[PDB]
$ cat entry_0.pdb   # PDB, C-alpha atoms and all ligand atoms
ATOM      1  CA  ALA A   1       2.250 -16.633  11.932  1.00  0.00           C
ATOM      2  CA  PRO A   2      -1.262 -17.793  10.866  1.00  0.00           C
ATOM      3  CA  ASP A   3      -1.727 -19.821   7.668  1.00  0.00           C
ATOM      4  CA  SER A   4      -3.755 -16.913   6.321  1.00  0.00           C
ATOM      5  CA  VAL A   5      -4.887 -13.377   7.229  1.00  0.00           C
ATOM      6  CA  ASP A   6      -7.336 -10.946   5.624  1.00  0.00           C
ATOM      7  CA  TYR A   7      -7.469  -7.421   7.102  1.00  0.00           C
ATOM      8  CA  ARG A   8     -10.570  -6.554   4.960  1.00  0.00           C
ATOM      9  CA  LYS A   9     -12.427  -8.953   7.323  1.00  0.00           C
ATOM     10  CA  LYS A  10     -11.119  -7.166  10.448  1.00  0.00           C
ATOM     11  CA  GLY A  11     -12.318  -3.800   9.135  1.00  0.00           C
ATOM     12  CA  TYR A  12      -8.750  -2.573   8.769  1.00  0.00           C
ATOM     13  CA  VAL A  13      -9.027  -1.525   5.088  1.00  0.00           C
ATOM     14  CA  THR A  14     -10.814   1.535   3.696  1.00  0.00           C
ATOM     15  CA  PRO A  15     -12.625   1.406   0.372  1.00  0.00           C
ATOM     16  CA  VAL A  16     -10.526   1.176  -2.834  1.00  0.00           C
ATOM     17  CA  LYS A  17      -9.644   4.530  -4.313  1.00  0.00           C
ATOM     18  CA  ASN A  18      -8.784   5.796  -7.778  1.00  0.00           C
ATOM     19  CA  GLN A  19      -5.529   7.757  -8.231  1.00  0.00           C
ATOM     20  CA  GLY A  20      -6.521   8.906 -11.756  1.00  0.00           C
ATOM     21  CA  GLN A  21      -3.769  10.055 -14.131  1.00  0.00           C
ATOM     22  CA  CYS A  22      -1.422  11.050 -11.306  1.00  0.00           C
ATOM     23  CA  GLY A  23       1.623   8.791 -10.510  1.00  0.00           C
ATOM     24  CA  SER A  24       0.583   8.925  -6.886  1.00  0.00           C
ATOM     25  CA  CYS A  25       0.342   5.135  -6.250  1.00  0.00           C
ATOM     26  CA  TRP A  26       2.980   5.631  -3.626  1.00  0.00           C
ATOM     27  CA  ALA A  27       0.757   8.048  -1.593  1.00  0.00           C
ATOM     28  CA  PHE A  28      -2.220   5.691  -1.747  1.00  0.00           C
ATOM     29  CA  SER A  29       0.022   2.708  -0.601  1.00  0.00           C
ATOM     30  CA  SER A  30       1.406   4.816   2.254  1.00  0.00           C
ATOM     31  CA  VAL A  31      -2.038   6.078   3.479  1.00  0.00           C
ATOM     32  CA  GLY A  32      -3.368   2.490   3.281  1.00  0.00           C
ATOM     33  CA  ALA A  33      -0.615   1.222   5.609  1.00  0.00           C
ATOM     34  CA  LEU A  34      -1.247   4.217   7.921  1.00  0.00           C
ATOM     35  CA  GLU A  35      -5.026   3.675   7.915  1.00  0.00           C
ATOM     36  CA  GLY A  36      -4.346   0.042   8.842  1.00  0.00           C
ATOM     37  CA  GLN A  37      -2.359   1.050  11.817  1.00  0.00           C
ATOM     38  CA  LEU A  38      -4.754   3.825  12.740  1.00  0.00           C
ATOM     39  CA  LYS A  39      -7.604   1.306  12.879  1.00  0.00           C
ATOM     40  CA  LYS A  40      -5.468  -1.076  15.088  1.00  0.00           C
ATOM     41  CA  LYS A  41      -4.493   1.778  17.454  1.00  0.00           C
ATOM     42  CA  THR A  42      -7.798   3.693  17.724  1.00  0.00           C
ATOM     43  CA  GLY A  43     -10.517   1.301  16.618  1.00  0.00           C
ATOM     44  CA  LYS A  44     -11.640   3.739  13.936  1.00  0.00           C
ATOM     45  CA  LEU A  45     -11.478   3.236  10.215  1.00  0.00           C
ATOM     46  CA  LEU A  46     -11.090   6.451   8.138  1.00  0.00           C
ATOM     47  CA  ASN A  47      -9.467   7.659   4.973  1.00  0.00           C
ATOM     48  CA  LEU A  48      -6.117   9.419   5.311  1.00  0.00           C
ATOM     49  CA  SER A  49      -5.020  11.927   2.769  1.00  0.00           C
ATOM     50  CA  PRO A  50      -3.158  10.968  -0.348  1.00  0.00           C
ATOM     51  CA  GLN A  51      -3.174  14.652  -1.416  1.00  0.00           C
ATOM     52  CA  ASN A  52      -1.366  15.686   1.751  1.00  0.00           C
ATOM     53  CA  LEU A  53       1.467  13.436   0.742  1.00  0.00           C
ATOM     54  CA  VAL A  54       1.467  14.393  -2.914  1.00  0.00           C
ATOM     55  CA  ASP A  55       1.912  18.040  -2.129  1.00  0.00           C
ATOM     56  CA  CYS A  56       3.887  17.743   1.037  1.00  0.00           C
ATOM     57  CA  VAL A  57       6.475  14.996   0.735  1.00  0.00           C
ATOM     58  CA  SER A  58       9.122  17.253  -0.837  1.00  0.00           C
ATOM     59  CA  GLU A  59      11.463  14.173  -0.755  1.00  0.00           C
ATOM     60  CA  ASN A  60       9.065  12.642  -3.353  1.00  0.00           C
ATOM     61  CA  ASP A  61       8.037  13.890  -6.738  1.00  0.00           C
ATOM     62  CA  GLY A  62       4.244  14.565  -6.625  1.00  0.00           C
ATOM     63  CA  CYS A  63       2.451  13.056  -9.574  1.00  0.00           C
ATOM     64  CA  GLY A  64       6.018  12.256 -10.785  1.00  0.00           C
ATOM     65  CA  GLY A  65       6.351   9.259  -8.409  1.00  0.00           C
ATOM     66  CA  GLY A  66       7.870   8.597  -4.970  1.00  0.00           C
ATOM     67  CA  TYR A  67       8.526   6.102  -2.221  1.00  0.00           C
ATOM     68  CA  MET A  68       6.504   5.045   0.808  1.00  0.00           C
ATOM     69  CA  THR A  69       9.459   5.205   3.193  1.00  0.00           C
ATOM     70  CA  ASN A  70       9.781   8.890   2.184  1.00  0.00           C
ATOM     71  CA  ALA A  71       6.074   9.427   2.936  1.00  0.00           C
ATOM     72  CA  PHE A  72       6.327   7.816   6.382  1.00  0.00           C
ATOM     73  CA  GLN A  73       9.391  10.070   7.180  1.00  0.00           C
ATOM     74  CA  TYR A  74       7.374  13.214   6.209  1.00  0.00           C
ATOM     75  CA  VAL A  75       4.457  12.201   8.493  1.00  0.00           C
ATOM     76  CA  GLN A  76       6.881  11.578  11.336  1.00  0.00           C
ATOM     77  CA  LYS A  77       8.814  14.868  10.893  1.00  0.00           C
ATOM     78  CA  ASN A  78       5.546  16.830  10.265  1.00  0.00           C
ATOM     79  CA  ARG A  79       3.944  15.540  13.447  1.00  0.00           C
ATOM     80  CA  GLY A  80       0.911  14.247  11.467  1.00  0.00           C
ATOM     81  CA  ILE A  81      -1.100  13.736   8.244  1.00  0.00           C
ATOM     82  CA  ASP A  82      -4.613  15.041   7.535  1.00  0.00           C
ATOM     83  CA  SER A  83      -7.721  12.912   6.938  1.00  0.00           C
ATOM     84  CA  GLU A  84      -8.894  12.776   3.311  1.00  0.00           C
ATOM     85  CA  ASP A  85     -11.868  15.019   4.189  1.00  0.00           C
ATOM     86  CA  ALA A  86      -9.668  17.645   5.676  1.00  0.00           C
ATOM     87  CA  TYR A  87      -7.392  17.507   2.628  1.00  0.00           C
ATOM     88  CA  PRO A  88      -9.240  16.166  -0.462  1.00  0.00           C
ATOM     89  CA  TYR A  89      -7.635  14.376  -3.412  1.00  0.00           C
ATOM     90  CA  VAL A  90      -7.498  16.448  -6.563  1.00  0.00           C
ATOM     91  CA  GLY A  91      -5.067  14.394  -8.611  1.00  0.00           C
ATOM     92  CA  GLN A  92      -2.491  17.050  -9.396  1.00  0.00           C
ATOM     93  CA  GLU A  93       0.470  18.591  -7.482  1.00  0.00           C
ATOM     94  CA  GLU A  94      -0.329  21.731  -5.423  1.00  0.00           C
ATOM     95  CA  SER A  95       1.448  23.762  -2.749  1.00  0.00           C
ATOM     96  CA  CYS A  96       1.612  22.155   0.707  1.00  0.00           C
ATOM     97  CA  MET A  97      -1.717  22.900   2.480  1.00  0.00           C
ATOM     98  CA  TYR A  98      -1.352  20.730   5.555  1.00  0.00           C
ATOM     99  CA  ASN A  99      -3.569  21.955   8.434  1.00  0.00           C
ATOM    100  CA  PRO A 100      -2.895  20.640  11.944  1.00  0.00           C
ATOM    101  CA  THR A 101      -6.579  21.029  12.758  1.00  0.00           C
ATOM    102  CA  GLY A 102      -7.369  18.188  10.317  1.00  0.00           C
ATOM    103  CA  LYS A 103      -4.685  15.888  11.681  1.00  0.00           C
ATOM    104  CA  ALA A 104      -5.963  12.308  11.733  1.00  0.00           C
ATOM    105  CA  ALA A 105      -2.854  10.128  12.301  1.00  0.00           C
ATOM    106  CA  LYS A 106       0.813  10.256  13.438  1.00  0.00           C
ATOM    107  CA  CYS A 107       3.801   8.099  12.664  1.00  0.00           C
ATOM    108  CA  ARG A 108       6.924   7.523  14.713  1.00  0.00           C
ATOM    109  CA  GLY A 109       9.024   6.242  11.848  1.00  0.00           C
ATOM    110  CA  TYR A 110       9.019   3.041   9.789  1.00  0.00           C
ATOM    111  CA  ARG A 111      10.507  -0.376   9.084  1.00  0.00           C
ATOM    112  CA  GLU A 112      11.398  -2.159   5.881  1.00  0.00           C
ATOM    113  CA  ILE A 113      11.041  -5.906   5.389  1.00  0.00           C
ATOM    114  CA  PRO A 114      14.300  -7.863   4.565  1.00  0.00           C
ATOM    115  CA  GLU A 115      14.711  -7.582   0.801  1.00  0.00           C
ATOM    116  CA  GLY A 116      13.136 -10.372  -1.165  1.00  0.00           C
ATOM    117  CA  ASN A 117      12.110 -12.180   1.995  1.00  0.00           C
ATOM    118  CA  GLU A 118       8.608 -13.475   1.352  1.00  0.00           C
ATOM    119  CA  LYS A 119       8.624 -15.215   4.715  1.00  0.00           C
ATOM    120  CA  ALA A 120       9.481 -12.048   6.636  1.00  0.00           C
ATOM    121  CA  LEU A 121       6.798 -10.192   4.598  1.00  0.00           C
ATOM    122  CA  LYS A 122       4.282 -12.777   5.747  1.00  0.00           C
ATOM    123  CA  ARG A 123       5.388 -12.429   9.382  1.00  0.00           C
ATOM    124  CA  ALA A 124       4.979  -8.665   9.121  1.00  0.00           C
ATOM    125  CA  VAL A 125       1.504  -8.507   7.599  1.00  0.00           C
ATOM    126  CA  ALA A 126       0.440 -11.001  10.295  1.00  0.00           C
ATOM    127  CA  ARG A 127       2.234  -9.202  13.175  1.00  0.00           C
ATOM    128  CA  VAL A 128       1.788  -5.541  12.159  1.00  0.00           C
ATOM    129  CA  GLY A 129      -1.101  -5.096   9.744  1.00  0.00           C
ATOM    130  CA  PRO A 130      -1.267  -4.122   6.071  1.00  0.00           C
ATOM    131  CA  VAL A 131       2.101  -3.436   4.520  1.00  0.00           C
ATOM    132  CA  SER A 132       3.125  -1.074   1.682  1.00  0.00           C
ATOM    133  CA  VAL A 133       4.758  -3.054  -1.193  1.00  0.00           C
ATOM    134  CA  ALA A 134       6.344  -2.154  -4.600  1.00  0.00           C
ATOM    135  CA  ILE A 135       5.808  -4.395  -7.680  1.00  0.00           C
ATOM    136  CA  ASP A 136       6.474  -4.372 -11.353  1.00  0.00           C
ATOM    137  CA  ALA A 137       2.952  -3.695 -12.602  1.00  0.00           C
ATOM    138  CA  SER A 138       4.028  -3.047 -16.277  1.00  0.00           C
ATOM    139  CA  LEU A 139       2.607  -6.314 -17.798  1.00  0.00           C
ATOM    140  CA  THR A 140      -0.626  -6.325 -19.831  1.00  0.00           C
ATOM    141  CA  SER A 141      -1.724  -9.445 -17.839  1.00  0.00           C
ATOM    142  CA  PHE A 142      -1.509  -7.435 -14.602  1.00  0.00           C
ATOM    143  CA  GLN A 143      -3.430  -4.515 -16.104  1.00  0.00           C
ATOM    144  CA  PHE A 144      -6.165  -6.814 -17.270  1.00  0.00           C
ATOM    145  CA  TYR A 145      -6.235  -9.067 -14.292  1.00  0.00           C
ATOM    146  CA  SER A 146      -9.722 -10.207 -13.323  1.00  0.00           C
ATOM    147  CA  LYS A 147      -9.497 -13.205 -11.040  1.00  0.00           C
ATOM    148  CA  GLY A 148      -7.548 -16.007  -9.643  1.00  0.00           C
ATOM    149  CA  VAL A 149      -3.955 -16.006  -8.459  1.00  0.00           C
ATOM    150  CA  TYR A 150      -1.839 -13.774 -10.661  1.00  0.00           C
ATOM    151  CA  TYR A 151       1.372 -15.072 -12.116  1.00  0.00           C
ATOM    152  CA  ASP A 152       3.239 -14.120 -15.240  1.00  0.00           C
ATOM    153  CA  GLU A 153       6.792 -15.396 -15.654  1.00  0.00           C
ATOM    154  CA  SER A 154       7.719 -12.260 -17.555  1.00  0.00           C
ATOM    155  CA  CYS A 155       7.183 -10.058 -14.495  1.00  0.00           C
ATOM    156  CA  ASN A 156      10.524  -8.422 -13.526  1.00  0.00           C
ATOM    157  CA  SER A 157      11.460  -8.341  -9.788  1.00  0.00           C
ATOM    158  CA  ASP A 158      14.167  -5.785 -10.729  1.00  0.00           C
ATOM    159  CA  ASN A 159      11.725  -3.356 -12.408  1.00  0.00           C
ATOM    160  CA  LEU A 160       9.712  -1.986  -9.484  1.00  0.00           C
ATOM    161  CA  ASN A 161       7.408   0.739 -10.758  1.00  0.00           C
ATOM    162  CA  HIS A 162       4.107   0.680  -8.858  1.00  0.00           C
ATOM    163  CA  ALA A 163       3.065   0.891  -5.182  1.00  0.00           C
ATOM    164  CA  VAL A 164       0.224  -1.175  -3.677  1.00  0.00           C
ATOM    165  CA  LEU A 165      -0.720  -2.554  -0.299  1.00  0.00           C
ATOM    166  CA  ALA A 166      -0.603  -6.181   1.048  1.00  0.00           C
ATOM    167  CA  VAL A 167      -3.712  -6.557   3.268  1.00  0.00           C
ATOM    168  CA  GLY A 168      -3.319 -10.249   3.779  1.00  0.00           C
ATOM    169  CA  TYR A 169      -2.283 -13.641   2.290  1.00  0.00           C
ATOM    170  CA  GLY A 170      -3.796 -17.023   1.948  1.00  0.00           C
ATOM    171  CA  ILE A 171      -4.364 -19.721  -0.627  1.00  0.00           C
ATOM    172  CA  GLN A 172      -6.940 -20.118  -3.332  1.00  0.00           C
ATOM    173  CA  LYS A 173      -7.577 -23.348  -5.106  1.00  0.00           C
ATOM    174  CA  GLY A 174      -4.182 -24.581  -3.905  1.00  0.00           C
ATOM    175  CA  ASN A 175      -2.274 -21.448  -4.975  1.00  0.00           C
ATOM    176  CA  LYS A 176      -0.691 -19.349  -2.156  1.00  0.00           C
ATOM    177  CA  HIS A 177      -1.185 -15.612  -2.642  1.00  0.00           C
ATOM    178  CA  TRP A 178      -0.827 -12.086  -1.241  1.00  0.00           C
ATOM    179  CA  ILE A 179      -4.143 -10.088  -1.110  1.00  0.00           C
ATOM    180  CA  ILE A 180      -3.268  -6.785  -2.801  1.00  0.00           C
ATOM    181  CA  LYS A 181      -5.269  -3.556  -2.687  1.00  0.00           C
ATOM    182  CA  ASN A 182      -4.624  -1.332  -5.735  1.00  0.00           C
ATOM    183  CA  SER A 183      -5.625   2.308  -6.153  1.00  0.00           C
ATOM    184  CA  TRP A 184      -6.934   2.048  -9.764  1.00  0.00           C
ATOM    185  CA  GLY A 185     -10.560   2.245  -8.634  1.00  0.00           C
ATOM    186  CA  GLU A 186     -13.118  -0.403  -7.639  1.00  0.00           C
ATOM    187  CA  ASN A 187     -13.699  -1.291 -11.269  1.00  0.00           C
ATOM    188  CA  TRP A 188     -10.100  -2.564 -11.773  1.00  0.00           C
ATOM    189  CA  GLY A 189      -9.154  -6.249 -11.067  1.00  0.00           C
ATOM    190  CA  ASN A 190     -11.567  -7.956  -8.626  1.00  0.00           C
ATOM    191  CA  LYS A 191     -13.365  -5.060  -6.831  1.00  0.00           C
ATOM    192  CA  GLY A 192     -10.044  -3.184  -7.053  1.00  0.00           C
ATOM    193  CA  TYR A 193      -7.914  -6.067  -5.610  1.00  0.00           C
ATOM    194  CA  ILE A 194      -5.568  -8.620  -7.042  1.00  0.00           C
ATOM    195  CA  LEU A 195      -4.369 -11.894  -5.537  1.00  0.00           C
ATOM    196  CA  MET A 196      -0.635 -12.198  -6.475  1.00  0.00           C
ATOM    197  CA  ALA A 197       1.305 -15.492  -6.230  1.00  0.00           C
ATOM    198  CA  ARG A 198       3.129 -15.899  -2.995  1.00  0.00           C
ATOM    199  CA  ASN A 199       6.297 -17.976  -2.572  1.00  0.00           C
ATOM    200  CA  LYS A 200       6.874 -18.207  -6.356  1.00  0.00           C
ATOM    201  CA  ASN A 201      10.362 -16.764  -6.450  1.00  0.00           C
ATOM    202  CA  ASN A 202       9.154 -13.346  -5.223  1.00  0.00           C
ATOM    203  CA  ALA A 203       6.965 -12.840  -8.311  1.00  0.00           C
ATOM    204  CA  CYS A 204       6.860  -9.215  -9.552  1.00  0.00           C
ATOM    205  CA  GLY A 205       9.399  -8.317  -6.731  1.00  0.00           C
ATOM    206  CA  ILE A 206       6.642  -8.054  -4.095  1.00  0.00           C
ATOM    207  CA  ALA A 207       9.041  -8.489  -1.118  1.00  0.00           C
ATOM    208  CA  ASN A 208      11.793  -6.233  -2.585  1.00  0.00           C
ATOM    209  CA  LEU A 209      10.644  -2.858  -1.330  1.00  0.00           C
ATOM    210  CA  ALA A 210       8.144  -3.490   1.459  1.00  0.00           C
ATOM    211  CA  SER A 211       7.662  -1.225   4.499  1.00  0.00           C
ATOM    212  CA  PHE A 212       5.242  -0.233   7.207  1.00  0.00           C
ATOM    213  CA  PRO A 213       4.868   2.707   9.495  1.00  0.00           C
ATOM    214  CA  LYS A 214       5.479   2.727  13.249  1.00  0.00           C
ATOM    215  CA  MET A 215       2.449   4.082  15.204  1.00  0.00           C
TER     216      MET A 215
HETATM  217 CA    CA B 301      13.903   8.961   2.678  1.00  0.00          CA
END
$ encode --input "entry_0.pdb" --output "structure tokens" --more "lines below"
Ligand SMILES: [Ca+2]
Amino acid sequence: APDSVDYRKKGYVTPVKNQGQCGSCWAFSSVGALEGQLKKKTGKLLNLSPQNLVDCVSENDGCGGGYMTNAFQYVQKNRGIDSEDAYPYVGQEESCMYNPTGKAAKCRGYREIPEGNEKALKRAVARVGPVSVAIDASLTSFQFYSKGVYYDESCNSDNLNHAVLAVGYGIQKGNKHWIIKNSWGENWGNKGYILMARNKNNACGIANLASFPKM
């Protein structure tokens, strides 16, 4: 795998979004991994719909939280997911309003990275494209992150509670990192991104619940 990769450079990542007060980070992480594959498979970059997932993944809990593997299973079983324009984000749970006419992507299933394997996570981002990841984002240092390579020893790999997307990895000033896209708006972190330490004992549990969709 290459020493570093940055999908933002390849045009594989859509602009950073803002989930608002809904616990829909899982839907944004899932659509980001799907938009990454959609760009690789069609050459077009376009926003997928987080709202479609929030109201349609009955296996999940709306604004009450959920998992990306559950979202990829819904897209596969449903034979599609709508584009954000066809199904706009409103930030609150509503009845399922999926419309096949607005279908913008399909999924044929998914794959999860070996648990805690930072090496296998690296091989996947490099081989597949952006990958959905779960992290413990409960620390004040994470919430107020601004720059550099994030690392807080108090982060708990066993307390996963937020979903984000790995769009690459590299090194900055000698510190290996994962390039993470959040869905807290462009004003959060560095233009809505955070570089998280890579190979530092799976900091924040970044390789514990990683997955990507098959397309
Ligand atoms: Ca499931």
$ atom_distance --input "entry_0.pdb" --atom1 "CA of residue 180 (chain A)" --atom2 "CA of residue 90 (chain A)"
23.9 Å
$ resolve_selection --input "entry_0.pdb" --expression "the PyMOL selection byres (((chain A and resi 202-214) around 9) and not hetatm)" --output "PyMOL selection string"
chain A and resi 30+33-34+37+68-69+72-73+106-121+124+128-137+151-160+178+196-201+215
$ residues_around --input "entry_0.pdb" --residues "residue 54 (chain A)" --least-positions-apart "3" --cutoff "8 Å" --atoms "only C-alpha atoms" --output "number ranges by chain"
A: 24, 27, 50-51, 57, 60-63, 93-94
$ resolve_selection --input "entry_0.pdb" --expression "the PyMOL selection byres (((chain A and resi 40) around 10) and not hetatm)" --output "PDB file with C-alpha atoms, in the frame of the given file"
ATOM      1  CA  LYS A  10     -11.119  -7.166  10.448  1.00  0.00           C
ATOM      2  CA  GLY A  11     -12.318  -3.800   9.135  1.00  0.00           C
ATOM      3  CA  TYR A  12      -8.750  -2.573   8.769  1.00  0.00           C
ATOM      4  CA  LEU A  34      -1.247   4.217   7.921  1.00  0.00           C
ATOM      5  CA  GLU A  35      -5.026   3.675   7.915  1.00  0.00           C
ATOM      6  CA  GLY A  36      -4.346   0.042   8.842  1.00  0.00           C
ATOM      7  CA  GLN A  37      -2.359   1.050  11.817  1.00  0.00           C
ATOM      8  CA  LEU A  38      -4.754   3.825  12.740  1.00  0.00           C
ATOM      9  CA  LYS A  39      -7.604   1.306  12.879  1.00  0.00           C
ATOM     10  CA  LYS A  41      -4.493   1.778  17.454  1.00  0.00           C
ATOM     11  CA  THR A  42      -7.798   3.693  17.724  1.00  0.00           C
ATOM     12  CA  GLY A  43     -10.517   1.301  16.618  1.00  0.00           C
ATOM     13  CA  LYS A  44     -11.640   3.739  13.936  1.00  0.00           C
ATOM     14  CA  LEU A  45     -11.478   3.236  10.215  1.00  0.00           C
ATOM     15  CA  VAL A 128       1.788  -5.541  12.159  1.00  0.00           C
ATOM     16  CA  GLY A 129      -1.101  -5.096   9.744  1.00  0.00           C
ATOM     17  CA  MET A 215       2.449   4.082  15.204  1.00  0.00           C
TER      18      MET A 215
END
$ residues_around --input "entry_0.pdb" --residues "residue 168 (chain A)" --least-positions-apart "4" --cutoff "7 Å" --atoms "all atoms listed in the file" --output "ChimeraX atom specification"
/A:5-7,125,130,178-179
$ atom_distance --input "entry_0.pdb" --atom1 "CA of residue 55 (chain A)" --atom2 "CA of residue 92 (chain A)"
8.6 Å
$ atom_distance --input "entry_0.pdb" --atom1 "CA of residue 141 (chain A)" --atom2 "CA of residue 28 (chain A)"
22.1 Å
$ closest_residue --input "entry_0.pdb" --among "A:146, A:14, A:183, A:95" --to "residue 53 (chain A)" --atoms "only C-alpha atoms"
A:95
$ resolve_selection --input "entry_0.pdb" --expression "the PyMOL selection byres (((chain A and resi 189) around 9) and not hetatm)" --output "list in words"
residues 142, 143, 144, 145, 146, 147, 182, 184, 185, 186, 187, 188, 190, 191, 192, 193 and 194 of chain A
$ write_last_selection --input "entry_0.pdb" --atoms "C-alpha atoms" --output "PDB file, in the frame of the given file"
ATOM      1  CA  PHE A 142      -1.509  -7.435 -14.602  1.00  0.00           C
ATOM      2  CA  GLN A 143      -3.430  -4.515 -16.104  1.00  0.00           C
ATOM      3  CA  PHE A 144      -6.165  -6.814 -17.270  1.00  0.00           C
ATOM      4  CA  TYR A 145      -6.235  -9.067 -14.292  1.00  0.00           C
ATOM      5  CA  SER A 146      -9.722 -10.207 -13.323  1.00  0.00           C
ATOM      6  CA  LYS A 147      -9.497 -13.205 -11.040  1.00  0.00           C
ATOM      7  CA  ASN A 182      -4.624  -1.332  -5.735  1.00  0.00           C
ATOM      8  CA  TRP A 184      -6.934   2.048  -9.764  1.00  0.00           C
ATOM      9  CA  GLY A 185     -10.560   2.245  -8.634  1.00  0.00           C
ATOM     10  CA  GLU A 186     -13.118  -0.403  -7.639  1.00  0.00           C
ATOM     11  CA  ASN A 187     -13.699  -1.291 -11.269  1.00  0.00           C
ATOM     12  CA  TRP A 188     -10.100  -2.564 -11.773  1.00  0.00           C
ATOM     13  CA  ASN A 190     -11.567  -7.956  -8.626  1.00  0.00           C
ATOM     14  CA  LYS A 191     -13.365  -5.060  -6.831  1.00  0.00           C
ATOM     15  CA  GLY A 192     -10.044  -3.184  -7.053  1.00  0.00           C
ATOM     16  CA  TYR A 193      -7.914  -6.067  -5.610  1.00  0.00           C
ATOM     17  CA  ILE A 194      -5.568  -8.620  -7.042  1.00  0.00           C
TER      18      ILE A 194
END
$ closest_residue --input "entry_0.pdb" --among "A:87, A:169, A:150, A:74" --to "residue 122 (chain A)" --atoms "only C-alpha atoms"
A:169
$ closest_residue --input "entry_0.pdb" --among "A:88, A:102, A:66, A:148" --to "ligand CA 301 (chain B)" --atoms "all atoms listed in the file"
A:66
$ residues_around --input "entry_0.pdb" --residues "residue 31 (chain A)" --least-positions-apart "5" --cutoff "8 Å" --atoms "all atoms listed in the file" --output "list in words"
residues 47, 48, 49 and 50 of chain A
